[PDB]
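The structure appears right after this line, and notes come after that.
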Amino acid sequence: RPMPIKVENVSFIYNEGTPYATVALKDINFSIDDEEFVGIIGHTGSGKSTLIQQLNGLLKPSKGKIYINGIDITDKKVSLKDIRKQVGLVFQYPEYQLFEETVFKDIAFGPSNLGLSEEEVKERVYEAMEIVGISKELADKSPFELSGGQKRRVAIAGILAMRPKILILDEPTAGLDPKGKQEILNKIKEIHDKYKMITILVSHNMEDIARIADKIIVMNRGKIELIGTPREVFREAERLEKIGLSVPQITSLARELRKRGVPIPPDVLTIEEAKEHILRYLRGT
Amino acid sequence: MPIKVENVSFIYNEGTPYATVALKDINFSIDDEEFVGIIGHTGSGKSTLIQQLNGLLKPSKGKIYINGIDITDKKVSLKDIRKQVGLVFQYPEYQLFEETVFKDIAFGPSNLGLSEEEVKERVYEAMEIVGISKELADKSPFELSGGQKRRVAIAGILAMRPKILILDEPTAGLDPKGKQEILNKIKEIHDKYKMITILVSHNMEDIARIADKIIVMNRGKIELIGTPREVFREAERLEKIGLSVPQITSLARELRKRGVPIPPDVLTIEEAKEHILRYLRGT
Ligand SMILES: CCCCCCCCCCCCO[C@@H]1O[C@H](CO)[C@@H](O[C@H]2O[C@H](CO)[C@@H](O)[C@H](O)[C@H]2O)[C@H](O)[C@H]1O
Ligand SMILES: CCCCCCCCCCCCO[C@@H]1O[C@H](CO)[C@@H](O[C@H]2O[C@H](CO)[C@@H](O)[C@H](O)[C@H]2O)[C@H](O)[C@H]1O
């Protein structure tokens, strides 16, 4: 240690002033360890977006502290550049933030604003391009002549070009076809394992979250409702249902078979796991 | 037959050396009261197709009959078409809005001339259907939540009382309860008003539960047409063309391969539960 992420008693209120003041986060505590894949789920207006903005410094806590790899990022001594070297944040439909004249220039934007020599930038740009799987020959193309998917690659390379070891993605499969969805999730997981990252994935898709995550943070009206492994979390089917969420289809089935007598775990997370339990139970009867 | 599409093609930049065929020889029909799902990979021509159906695009070739009327004839206006077909685009809340909720919902029916006493009825009926309080009528749309804005946008379309309703990915961006709620209301309005509804979606699980018929697109062609069972039995083909089957269908498939008497085209957890319990009570 230090644990790479610790959020210590954080609250946030928009416009703390002020008759516009509106509480969005209340007493948030958690920590995330090395190499953990984390899922954040919760209803619309539960605070997920506000939270992830605390982690990369777009918002400062109204109370409490956030330590990234042992650095209190809430201290005035720590800039929004220092933070970008540790934490990258990919918003939804990040392709709509492409701005620059060429792919190379768009990817370079961040690291050039970070300072960094031209040699540094150029190596980071090409390293990023390779990681997200876009040919080096696209470097001199206009972003606005690329695929939807290609654009989304370029937007994400811009963030990775800063080599953060914490990567936050807000609904990265949004708008994609079903093959697109698996491809981005596979590539996220592959980059996670390869570079020993923390990855934080915010999503309304319970099925994806359940397959990919080591740990899930469940938000509810600005609070942490629950933290646990996907099994632990999706065992609370009745509670999730009441706070705007859901369980994966396959988990609901396991649940429904249990109610009627079948000795299947109620926290089966994947088709493969369900298959294996159901067949094993049949072989045993 | 309320919808008949005959030999339709469409070309982007028809000019022009940048010309691109997006739709090629489309043929199908949709019967009274059918809930139809349209699925297909990104760029397979789904959006282009639906815009043919409400006249926002005209076919390069071929014809489209709505309630017997060739809407591709120059004699048929956009207004005529908007009385029969409503089209709800993705994230319809990011459209601009009029000054108040009432005015925004009233826009379409007021453009229809139409007794303003009857505009008011259409507005308040539409508000009830999409679940927004009558007390929001005077509010400016910017004071509403994203979900509320989406309700208002949809009420504007329903206030026209179309009998064909087309929705492009209506659950987009919503939380899981949101997603179930919009799909329940869509189905409820469908059954109640005897509509045709057309839902374009990348979510195979939703499309499977709700549709009577599915149109599967692939590189600008119809690849297949059939019931959800018929379509999702073609698992290997769907995989090849950018799509997928519902999780529960995959499971059923995988259990059938290993000896379980479960149909490979189970579409819902409920069906899968019944089949599995039957095999246990059966031996
Ligand atoms: C064809 C018919 C047309 C139907 C149109 C209906 C569209 C339905 C849109 C539902 C929008 C999202 O649906 C709902 O949104 C509200 C916020 O606005 C969410 O959020 C709500 O959370 C809780 C419930 O968990 C509320 O007490 C809280 O004030 C609010 O945050 C719900 O958790 C979400 O499920
Ligand atoms: C952490 C880094 C992550 C970066 C990488 C993340 C993005 C990975 C997924 C990119 C999205 C792929 O998304 C999409 O998938 C479908 C599969 O049907 C492709 O496939 C289809 O599209 C085109 C239409 O123009 C057809 O000509 C093509 O034959 C067909 O296969 C789409 O062109 C692609 O845009």
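Chain order of the listed sequences is A and B. Taking the authors' numbering, the leading residue of the first sequence gets -1, the next gets one more, and so forth. Taking the authors' numbering, the leading residue of the second sequence gets 1, the next gets one more, and so forth. In this text, a Cβ means the ideal position worked out from N, Cα and C, and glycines have one as well.
task: Return yes when the Cβ of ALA126 of chain A is within less than 8 Å of the Cβ of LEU96 of chain A, no when it is not.
output: As a working note, residue 96 of chain A is residue 98 in the first sequence. As a working note, residue 126 of chain A is residue 128 in the first sequence. Taking 8 Å as the Cβ cut-off, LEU96 of chain A and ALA126 of chain A do not qualify as a contacting pair.
query: Does the distance from the C-beta atom of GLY55 of chain A to that of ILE38 of chain A stay below 8 Å?
result: Mapped onto the first sequence, residue 55 of chain A falls at position 57. Mapped onto the first sequence, residue 38 of chain A falls at position 40. Going by C-beta atoms, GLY55 of chain A is not nearer than 8 Å to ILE38 of chain A.
message: Is it the case that the stretch 204 to 211 of chain B contacts the stretch 11 to 26 of chain B, given that we only count it when at least three CB pairs across the two stretches are under 8 Å?
response: no
Candidates A:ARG150, A:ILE196, A:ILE248, A:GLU169, of which the one nearest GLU270 of chain A by Cα: Stepping through the first sequence from its first residue, residue 270 of chain A is reached at position 272. Ranking the options by Cα distance to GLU270 of chain A, first place goes to A:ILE248.
C-beta contact flag for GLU33 of chain B and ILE196 of chain B at 8 Å: Position 33 of the second sequence, counted from the start, is the residue given in the question as residue 33 of chain B. Position 196 of the second sequence, counted from the start, is the residue given in the question as residue 196 of chain B. Yes; because the gap between Cβ atoms is below 8 Å, this pair is in contact.
- prompt: How about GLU93 of chain B: is its C-beta nearer than 8 Å to some C-beta of chain A?
  reply: For the purposes of this step, residue 93 of chain B is taken as residue 93 along the second sequence, with counting starting at 1. Output row for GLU93 of chain B: interface = no.
task: Using a Cβ-Cβ cut-off of 8 Å, state whether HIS202 of chain B counts as contacting chain A.
output: For the purposes of this step, residue 202 of chain B is identified with residue 202 of the second sequence, where counting begins at 1. Yes, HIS202 of chain B lies at the interface with chain A (some Cβ there is under 8 Å from its Cβ).
field: Three-state class that DSSP yields for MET217 of chain B in the structure shown
entry: In the second sequence, residue 217 of chain B corresponds to position 217, counting from 1. Note: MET217 of chain B maps to strand in three-state DSSP.
- prompt: Around the Cβ of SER77 of chain B, are there at least 16 other Cβ atoms within 10 angstroms (buried) or fewer (exposed)?
  reply: Locating residue 77 of chain B in the second sequence gives position 77, where the first residue counts as 1. By the 10 Å Cβ count, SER77 of chain B comes out exposed.
message: I'd like to confirm the pairing. Which residues does DSSP put opposite residue 304 of chain B in its beta bridges?
response: Beyond the ends of chain B as shown, which are 1 and 283, falls residue 304 of chain B; an answer cannot be given.
- prompt: Under 7 Å from any heavy atom of ligand 2, does the C-beta of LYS257 of chain B make it?
  reply: Taking the second sequence and counting its residues from 1, one reaches residue 257 of chain B at position 257. False, no ligand heavy atom lies under 7 Å from that Cβ.
field: With 16 other Cβ atoms within 10 Å as the buried cut-off, status of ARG278 of chain A
entry: Your numbering for residue 278 of chain A matches position 280 in the first sequence. So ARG278 of chain A counts as exposed.
message: If you measure between the beta carbons of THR100 of chain B and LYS74 of chain B, is that distance less than 8 Å?
response: Locating residue 100 of chain B in the second sequence gives position 100, counting from the first residue. Locating residue 74 of chain B in the second sequence gives position 74, counting from the first residue. No; because the gap between Cβ atoms is not below 8 Å, this pair is not in contact.
- prompt: Who does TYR65 of chain A pair with in a DSSP beta bridge?
  reply: Within the first sequence, the letter at position 67 stands for residue 65 of chain A. According to DSSP, which records beta bridges pairwise, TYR65 of chain A is partnered with A:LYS4, A:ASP70.
- prompt: Just to confirm, are residue 285 of chain A and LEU167 of chain A a CB contact at a threshold of 8 Å?
  reply: Shown here, chain A extends from -1 to 283; a query on residue 285 of chain A therefore has no answer.
- request: Measure the Cβ-Cβ separation of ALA19 of chain B and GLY220 of chain B and say whether it is below 8 Å.
  value: By one-based count along the second sequence, residue 19 of chain B stands at place 19. By one-based count along the second sequence, residue 220 of chain B stands at place 220. Taking 8 Å as the Cβ cut-off, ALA19 of chain B and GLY220 of chain B do not qualify as a contacting pair.
- prompt: Do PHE28 of chain B and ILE222 of chain B have their C-beta atoms within less than 8 Å of each other?
  reply: Position 28 of the second sequence, counted from the start, is the residue given in the question as residue 28 of chain B. Position 222 of the second sequence, counted from the start, is the residue given in the question as residue 222 of chain B. Going by C-beta atoms, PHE28 of chain B is nearer than 8 Å to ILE222 of chain B.
field: Spatial neighbours of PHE89 of chain A in its chain, beta-carbon cut-off 6 Å, leaving aside the 5 residues before and after
entry: Walking along the first sequence from the start, residue 89 of chain A turns up at place 91. Excluding sequence neighbours, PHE89 of chain A sits near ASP168.
- request: Tell me the start and end of each unbroken beta strand (DSSP E) in the stretch 107 to 158 of chain A that is at least 3 residues and wholly inside, in chain order.
  value: none
task: Report buried or exposed for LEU114 of chain B, applying the criterion of at least 16 other Cβ atoms within 10 angstroms of its Cβ.
output: One-based indexing of the second sequence puts residue 114 of chain B at position 114. Result: exposed.
- prompt: Whose C-alpha, out of A:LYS149, A:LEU53, A:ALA153, A:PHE232, is nearest the C-alpha of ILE26 of chain A?
  reply: Position 28 of the first sequence, counted from the start, is the residue given in the question as residue 26 of chain A. Ranking A:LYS149, A:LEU53, A:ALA153, A:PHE232 by Cα distance to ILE26 of chain A puts A:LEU53 first.
Residue range of the beta strand (DSSP E) that includes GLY86 of chain B: In the second sequence, residue 86 of chain B corresponds to position 86, counting from 1. Its beta strand (DSSP E) spans residues 85 to 88.
- request: Look up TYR91 of chain B in the DSSP assignment and say whether it is helix, strand or coil.
  value: The sequence position of residue 91 of chain B within the second sequence is 91, counting from 1. Correct three-state label for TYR91 of chain B: coil.
- request: Verify the contact flag: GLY147 of chain A, CB atom, against every heavy atom of ligand 2, threshold strictly below 7 Å.
  value: Locating residue 147 of chain A in the first sequence gives position 149, counting from the first residue. Yes - ligand 2 has a heavy atom lying nearer than 7 Å to the Cβ of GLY147 of chain A.
task: Please name the residue or residues paired with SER9 of chain A in a DSSP beta bridge.
output: Reading the first sequence from its first residue, position 11 is the one you call residue 9 of chain A. Partner(s): A:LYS61.
message: Below 7 Å, is the gap between the Cβ of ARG151 of chain B and the nearest heavy atom of ligand 1?
response: Translated into positions along the second sequence, residue 151 of chain B becomes position 151. Result yes, Cβ under 7 Å from ligand 1.
- request: Starting from the Cα of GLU230 of chain A, find the closest Cα among A:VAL266, A:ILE262, A:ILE50, A:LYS257 and give me that residue.
  value: Translated into positions along the first sequence, residue 230 of chain A becomes position 232. Among A:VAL266, A:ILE262, A:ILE50, A:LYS257, the Cα nearest to that of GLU230 of chain A belongs to A:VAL266.
query: Does the Cβ of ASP191 of chain A have 16 or more other Cβ atoms within 10 Å, making it buried, or fewer, making it exposed?
result: Taking the first sequence and counting its residues from 1, one reaches residue 191 of chain A at position 193. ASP191 of chain A comes out exposed.
- request: Would you check if the distance between the CB atom of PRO92 of chain A and the CB atom of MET160 of chain A is smaller than 8 Å?
  value: Taking the first residue of the first sequence as 1, we reach residue 92 of chain A at position 94. Taking the first residue of the first sequence as 1, we reach residue 160 of chain A at position 162. Cβ distance not < 8 Å, so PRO92 of chain A and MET160 of chain A don't count as in contact.
- prompt: Could one say the Cβ of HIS275 of chain B lies closer than 8 Å to chain A's Cβ atoms, at least one of them?
  reply: Residue mapping note: residue 275 of chain B aligns to position 275 of the second sequence, counting from 1. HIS275 of chain B does not count as touching chain A.
Distance, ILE50 of chain A Cα to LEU87 of chain A Cα: Mapped onto the first sequence, residue 87 of chain A falls at position 89. Mapped onto the first sequence, residue 50 of chain A falls at position 52. So the alpha carbons of these two residues sit roughly 8 Å apart.
- request: May I ask whether a heavy atom of ligand 2 can be found less than 7 Å away from the beta carbon of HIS190 of chain B?
  value: Counted from its first residue, the second sequence places residue 190 of chain B at position 190. Not so, every heavy atom of ligand 2 lies at least 7 Å from the Cβ.
query: How many angstroms separate the CA atom of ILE186 of chain B from the CA atom of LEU224 of chain A?
result: Stepping through the second sequence from its first residue, residue 186 of chain B is reached at position 186. Stepping through the first sequence from its first residue, residue 224 of chain A is reached at position 226. Each residue's alpha carbon lies about 32 Å from the other.
query: Relative to ligand 1, is the shortest distance from any of its heavy atoms to the C-beta of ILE225 of chain A smaller than 7 Å?
result: Along the first sequence, read from residue 1 onward, the residue named residue 225 of chain A stands at position 227. No, the Cβ of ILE225 of chain A stays beyond 7 Å of every heavy atom of ligand 1.
query: Are any of the Cβ atoms in chain A nearer than 8 Å to that of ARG258 of chain B?
result: Against the second sequence, residue 258 of chain B aligns to sequence position 258. It does: the Cβ of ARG258 of chain B has a partner Cβ on chain A nearer than 8 Å.
task: Return no unless some Cβ of chain A is closer than 8 Å to the Cβ of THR42 of chain B.
output: Against the second sequence, residue 42 of chain B aligns to sequence position 42. Closer than 8 Å: yes.
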